[PDB]
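Residue numbers count from 1 along this sequence. Just follow the structure's listing: the first ligand is 1, and inside any ligand the first atom is 1. Only heavy atoms go into these numbers, but all of them, side chains included; no hydrogens, no water, no symmetry mates.
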Amino acid sequence: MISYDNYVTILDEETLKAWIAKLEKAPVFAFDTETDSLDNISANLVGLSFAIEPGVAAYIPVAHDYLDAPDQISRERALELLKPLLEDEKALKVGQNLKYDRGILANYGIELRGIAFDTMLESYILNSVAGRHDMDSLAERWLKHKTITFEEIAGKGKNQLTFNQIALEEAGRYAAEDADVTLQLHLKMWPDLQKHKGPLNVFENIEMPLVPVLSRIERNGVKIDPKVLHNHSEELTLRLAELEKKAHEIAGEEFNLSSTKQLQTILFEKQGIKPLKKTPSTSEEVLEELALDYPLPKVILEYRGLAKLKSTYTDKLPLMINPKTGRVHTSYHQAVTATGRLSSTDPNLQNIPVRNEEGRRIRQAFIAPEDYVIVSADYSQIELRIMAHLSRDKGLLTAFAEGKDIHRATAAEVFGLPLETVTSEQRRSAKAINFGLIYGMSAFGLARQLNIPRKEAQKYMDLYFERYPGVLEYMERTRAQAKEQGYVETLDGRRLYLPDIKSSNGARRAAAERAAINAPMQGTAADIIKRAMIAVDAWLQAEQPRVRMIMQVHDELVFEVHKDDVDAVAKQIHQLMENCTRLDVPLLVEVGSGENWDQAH
Ligand SMILES: [Mg+2]
Ligand SMILES: [Zn+2]
Ligand SMILES: [Zn+2]
Ligand SMILES: [Zn+2]
Ligand SMILES: [Zn+2]
């Protein structure tokens with residue numbers, strides 16, 4: 001176990017000051033905060049823990065208020081004595097998910113500096129796919145130590161206690177162990193993170209500096225109009241009713257809009273071909289093939305889609321508005337994706353349909369406050385530009401260089417015809433090839449996206465590789481080093497380990513080869529986006545203009561800018577994004593604005 005003998009519980013100023021003195025001369029120190037809620041903006045700090053050396057850690061309770069809780073240093077007195085140390089950029093701190101801790105302190109007017117090491121990110125940069133990067137998983141992987149779980153001291157279910165309700169000593173065991181373990185994890189991982197300059201570079205200049213900027217974006221939140229979302233909800237109810245009637249009217253009787261049950265009994269029973277369509281799906285959608293002529297499958301297609309969107313965003317979004325700020329605070333995850341891109345939840349901004357009309361209405365609900373406007377800064381087809389650079393292809397490089405539409409430029413080369421005459425179908429064919437290459441799509445998978453026969457798709461890809469030889473080379477070379485060293489890297493050095501590259505399993509090894517071609521372009525896009533965020537945030541902090549960075553979704557950064565400042569600010573965001581990141585890839589940033597996210601998008 002871990003008893004009350006392990007760590008000290010600081011209940012007096014004199015002892016706290018003794019520790020602050022030791023903390024001041026430590027080379028690095030682990031630090032952690034305890035609160036009464038996972039919600040950063042409204043959580044209250046219940047206590048703090050520190051670790052100066054493996055096995056030497058302490059817990060300082062400041063707001064435990066259960067019946068008869070012992071005297072504790074007051075939250076205000078503890079923070080004023082600790083403030084200088086916390087705000088000192090020279091005092092280096094180590095922590096697990098420091099983004100959270102930085103925010104809690106910000107609730108009390110404290111600016112946490114010296115945010116040097118985050119064990120979550122150390123683990124993530126070492127090997128993004130090694131497993132989960134949370135402390136409990138980390139302590140077990142690297143230290144063969146099983147940590148005290150929050151459930152162990154607080155309980156489970158609705159009757160679960162909040163930190164302020166837990167006994168001082170019990171809270172101490174948990175909090176001081178976090179600090180201690182975090183320091184031990186750093187001592188084991190930091191030395192390893194130096195065996196390679198690639199990962200070390202990404203960790204030091206991309207991931208760590210991004211920690212406080214993610215905190216600031218999350219805490220800023222985004223303005224959502226609940227009325228608009230409600231109208232959209234009422235209207236969708238009516239549209240779902242109408243659509244259901246249109247389905248019944250086309251055939252007979254009533255039925256659910258569920259395939260492999262009520263649909264096959266209608267659809268193919270009235271002429272068609274037996275198999276159904278899985279909601280596997282992004283490759284063989286039987287329902288949308290029939291949709292080009294057959295009416296029923298087209299209405300069932302649209303019905304399901306609207307049903308999904310209503311319960312996911314229309315009904316959910318209004319419930320996420322924080323009472324304290326009046327805004328929605330999404331959760332960004334910095335150590336979850338395999339390629340290094342940021343993910344998002346509650347809400348998952350990336351699942352809002354882009355090329356769909358309803359998704360546009362969801363976006364219209366993201367509004368700018370009075371006298372402000374929503375500004376969108378996007379990296380135009382960054383992955384494609386990255387592939388152009390990685391393949392060193394003069395053809396692609398020149399297309400982007402002279403500002404031509406790469407999809408029409410590619411079609412003009414593949415099909416051999418003037419750029420002005422390329423048709424929509426030809427452009428659509430080249431476009432499917434271009435994005436297919438990024439995901440390492442098979443010549444048959446391209447046929448399923450283009451609806452053309454196999455070997456006809458193969459005919460296009462051979463014509464493509466002949467016109468753009470540099471792309472085949474990159475593809476072959478990347479699969480090469482992937483087998484030679486078990487991993488692939490981005491331009492900045494970020495690595496994706498591929499354990500199934502020599503799998504001996506067929507499909508399992510195919511996946512690893514696709515990931516081999518894909519990761520370098522996706523990871524590089526990710527690195528670029530993170531560098532722009534740090535650069536834009538740095539300008540924001542230094543110059544203090546009337547602008548907030550509110551979102552990050554796909555390849556765009558969304559802001560709130562004062563209406564009278566839009567022009568100067570747009571010039572600035574634009575320069576920072578395509579000139580203060582990587583100077584090797586030919587980058588283009590498209591900046592737009594409006595009353596809501598949809599207008600600026
Ligand atoms: Mg191309
Ligand atoms: Zn923590
Ligand atoms: Zn903790
Ligand atoms: Zn993208
Ligand atoms: Zn420019």
>> For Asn159, is the CG atom crowded, meaning more than 12 foreign heavy atoms sit under 6.0 Å from it?
In response: no
>> I'd like the atom name of the N/O/S atom in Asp178 lying closest to the Zn ion (ligand 3).
In response: OD2
> Which single N/O/S atom of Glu34 lies at minimum distance from the Zn ion (ligand 3)?
Replying inline: OE2
> Is it the case that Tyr100 and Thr35 place a side-chain donor and acceptor less than 3.5 Å from each other?
Replying inline: yes
> Restricting to N, O or S atoms of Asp32, which is nearest to the Zn ion (ligand 3)?
Replying inline: OD2
>> Using the Mg ion (ligand 1) as the vertex, how large is the angle between OH of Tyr464 and OD1 of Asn434, rounded to 10 degrees?
In response: 100°
>> Can you check the angle at the Zn ion (ligand 4) formed by OE2 of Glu383 and OD2 of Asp555? Round it to the nearest 10°.
In response: 80°
> Got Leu121 and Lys99 here, is their nearest side-chain heavy-atom distance under 4.5 Å?
Replying inline: no
>> Checking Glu456 against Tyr460: is there a side-chain donor and acceptor pair closer than 3.5 Å?
In response: yes
>> Go through it in stages, so that I can follow the logic: the residues are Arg514 and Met441, the test is side chain to side chain contact (heavy atoms under 4.5 Å, CB included), and I'd like the CA-CA distance, side-chain angles, deciding distance and then a yes or no.
In response: CA-CA 7 Å; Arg514 254 182 281 123; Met441 281 289 103; 4.1 Å; yes
